[PDB]
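J.: need a 3D model of the following:
(3 chains)
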Amino acid sequence: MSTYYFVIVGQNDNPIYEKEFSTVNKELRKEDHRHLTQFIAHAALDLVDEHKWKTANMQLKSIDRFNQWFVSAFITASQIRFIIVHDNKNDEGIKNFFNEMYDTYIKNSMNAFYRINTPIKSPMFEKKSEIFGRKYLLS
Amino acid sequence: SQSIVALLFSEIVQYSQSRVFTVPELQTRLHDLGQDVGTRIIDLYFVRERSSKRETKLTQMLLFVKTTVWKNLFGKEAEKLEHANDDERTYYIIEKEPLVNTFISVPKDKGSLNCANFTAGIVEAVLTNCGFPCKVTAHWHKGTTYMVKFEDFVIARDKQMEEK
Amino acid sequence: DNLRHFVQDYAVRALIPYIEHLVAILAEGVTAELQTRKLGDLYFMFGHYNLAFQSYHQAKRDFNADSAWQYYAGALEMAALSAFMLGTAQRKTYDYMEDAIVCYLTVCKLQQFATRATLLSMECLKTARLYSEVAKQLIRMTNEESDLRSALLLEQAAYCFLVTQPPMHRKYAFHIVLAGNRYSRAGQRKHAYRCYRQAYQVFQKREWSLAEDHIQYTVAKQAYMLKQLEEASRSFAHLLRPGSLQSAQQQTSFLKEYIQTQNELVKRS
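T.: Numbers count the residues shown, from 1 in each chain, chains lettered A, B, ... in the order given. Sharing the structure here:
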């Protein structure tokens, strides 16, 4: 299995919103791993900058490695970074799964209340995250 | 419709004029609102027109924005997109149709700038979220034009990419 | 005084005859494989420029066999030495040099070979300004070979990764404190202390107090006994439990921070 974990990196590089998709265990250690993965979000940020300057497409398969984790990076026209840390990859579905969370994030965009890198608070997006994660990643 | 949007936007402008005691930062409010709309205009129009495809080439992304945003917002794509060779940071997008004067506007005696600044702020938000931060200024040069000033960092990344 | 440099100059210009004698000895030697590498490195003490390339070539060819590849390894690093006296340096030879570490790492577990191979890589790529490569291979080295050698090599590779570009100090910071623990464990105190200081300064440069808060709880454990309290006090003060989502152990921790800042207030008042 893969301990899927999603994280948002904003336009101004500050993190925004996470969402676990892992099995239930080691949650106290998972707090330290959450600190770790925010740091990995910054490291991704840094690498995927030049790597997205290498390309012009939406998905950059997987960039960083830490001897157990895989880091999968998604870049948008919103230049947001959507990141998954996961022991074994599931990329083939998450390409369009990122596309669908992209569409939902657009839905939040039309909500002018949600604004530039303004941290997520709506229950709508949280329940969308729950249902989508139970769909593919958390499964 | 057109009257509803033209008016309602006019009340945005004049209510800002209420909260604002002078021309320039009134225009700044217009810019900020243009930003707050473009900040989603960008990635809406991404999927439905750009076919969810990113354009790293400043020319291609800028041209496609020129087509798309004007095609859907105000129907007619802006007439011309030009790059100034003296200053590669500073290009122009001339739109002969004034989107302010679509709703025929105030005498520019007591004031200078208008909804032109609002759509300029839209353009600026689109640029800065496309990974090309820029300064977009409405200018009454050859009618309505938007001067775009690229960050030396952004135009430098571009020039380095423009080393095939 | 002056006699030292007198005898020095005379001995150098008598060693030039001695190095000529050794050149004759090696020209006799060309007429075993170990003899070939002795030939090579002996004239490398005064560094033959092209005979470097021929020793490179011969050592590669034969030490494809004789699978004790310290011969061949050392051969290609002395080829890098040649590249130092080689303007082109056949910069792909540097790639060869990179090759050097990765395969030969696995050839023999005498890690010191990997160490100075990577160090020559470091220096020679620093003669190319493209430190990115050696940054990556040093960071892939430093995870292993120890928990101590891992630590000082973590900061070596780390600051080197930062040599190419000032920013992206992120994993720099992470592994340098996750090695500062090992530094306190088994390191000479001045180097470990410069670890702690430079790491913490790199933190403040681009602040992000979240994990810095716990590492400053470590700053406090070395401040509850040795360092200054006020730094930990203000560190936890900027975290400011409500709105920062602190945890039960974190609330107890900032109780202890109140204890330390109580010591500080009492000593001030």
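J.: what segments of chain B are strands?
T.: Using DSSP state E, the strands assigned to chain B run over residues B:80-83, B:90-94, B:134-139, B:145-150.
J.: what do you get for chain A?
T.: In chain A, the segments counted as strands under DSSP E are A:4-9, A:15-21, A:59-60, A:70-75, A:81-86.
J.: pick the most buried one from these.
T.: strand A:81-86 (a mean of 25; mean count of other CB atoms under 10 Å in any protein chain shown). The way it works is simple: take the backbone N, C-alpha and C, and place the C-beta from them, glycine included.
J.: just checking, what packs against that strand?
T.: When contacts are defined as 3 or more CB pairs under 8 Å, 6 or more residues apart in numbering or on different chains; DSSP states H and E, strand A:81-86 packs onto strand A:4-9, helix A:27-54, strand A:70-75, helix A:94-110.
J.: ok, back up a step: dump the strands of chain A into CSV; add distance to residue B:46 as well.
T.: Output for the strands of chain A, formatted as CSV (distance: least, CB to CB, whole Å):
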stretch, distance to residue B:46
strand A:4-9, 18
strand A:15-21, 19
strand A:59-60, 15
strand A:70-75, 12
strand A:81-86, 15
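J.: looking at the ones you listed, spot the one closest to residue C:38.
T.: When those are compared by CB to CB, strand A:70-75 sits nearest residue C:38, at 47.7 Å.
J.: hmm, the closest one touching chain C?
T.: No: using CB under 8 Å from any CB of the partner chain, strand A:70-75 never reaches chain C; the gap is at least 11.5 Å.
J.: in the host helix or strand of residue C:19, which residues are buried?
T.: Per DSSP states H and E: residue C:19 is located in helix C:2-29. Buried positions in helix C:2-29, judged by neighbour count with 16 or more other CB atoms under 10 Å in any protein chain shown: C:22, C:26.
J.: right, and the helix or strand after that helix?
T.: Next element after helix C:2-29 (DSSP H and E): helix C:33-44.
J.: which other helices and strands contact that following helix?
T.: helix C:2-29, helix C:51-63, helix C:70-84.
J.: so what touches that helix?
T.: Here helix C:33-44 makes contact (CB atoms under 8 Å, 6 or more residues apart in numbering or on different chains) with C:22-23, C:26, C:29-30, C:51-52, C:55, C:58-59, C:62-63, C:66, C:71, C:74-75, C:78, C:81.
J.: what angle do helix C:2-29 and that helix make with each other?
T.: Inter-element angle recorded for helix C:33-44 and helix C:2-29: 150 degrees (by axes from the mean of the first three to the mean of the last three CA atoms, to 10 degrees).
J.: report the buried residues of helix C:33-44.
T.: Within helix C:33-44, the residues scored as buried using 16+ other CB under 10 Å are C:36, C:37, C:39, C:40, C:42, C:43, C:44.
J.: cool, and stretch C:174-183?
T.: C:174, C:175, C:176, C:177, C:178, C:179, C:180, C:182, C:183.
J.: got the CA coordinates for it in PDB?
T.: Extracted C-alpha coordinates of stretch C:174-183, given in PDB (Å, rounded to 0.1, in the frame of the first residue of the first chain):
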ATOM      1  CA  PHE C 174      16.200  19.500   7.500                       C
ATOM      2  CA  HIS C 175      19.000  17.100   7.200                       C
ATOM      3  CA  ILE C 176      21.600  19.400   8.800                       C
ATOM      4  CA  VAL C 177      19.600  19.500  12.100                       C
ATOM      5  CA  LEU C 178      18.600  15.800  11.700                       C
ATOM      6  CA  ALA C 179      22.400  15.500  11.600                       C
ATOM      7  CA  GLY C 180      23.100  18.100  14.300                       C
ATOM      8  CA  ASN C 181      21.700  15.500  16.600                       C
ATOM      9  CA  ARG C 182      24.400  13.100  15.500                       C
ATOM     10  CA  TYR C 183      26.800  16.100  15.700                       C
END
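J.: show me the contact partners of it.
T.: Stretch C:174-183 has contacts (CB under 8 Å, 6+ apart) with A:36, A:39, C:142, C:147-148, C:150-152, C:154-155, C:158, C:191-192, C:195-196, C:198-199, C:202, C:211, C:215, C:218.
J.: repeat for stretch C:213-224
T.: By CB under 8 Å, 6+ apart, stretch C:213-224 touches A:35, C:177, C:196, C:199-200, C:203, C:227, C:229, C:231-232, C:235-236, C:239, C:253, C:256-257, C:260.
J.: drop anything exposed from those.
T.: Buried among those by 16+ other CB under 10 Å: C:177, C:196, C:199-200, C:203, C:229, C:232, C:235-236, C:239, C:253, C:257, C:260.
J.: any idea how far residue C:195 is from the residue nearest to the spatial centre of chain C?
T.: Nearest to the geometric centre of chain C sits residue C:156, at 3.5 Å (CA atoms, centre = their mean). For residue C:156, the distance to residue C:195 (CB to CB, to the nearest Å) stands at 11 Å.
J.: residue contacts, the residue of chain C found nearest chain B?
T.: Nearest to chain B in chain C, going by CB to the nearest CB, is residue C:167, at a distance of 12.8 Å. Neighbouring residues of residue C:167 by CB under 8 Å, 6+ apart: A:46, C:206.
J.: and it, that's in a strand?
T.: No: the assignment for residue C:167, made by DSSP: H, G, I helix; E, B strand; the rest coil, is coil rather than a strand.
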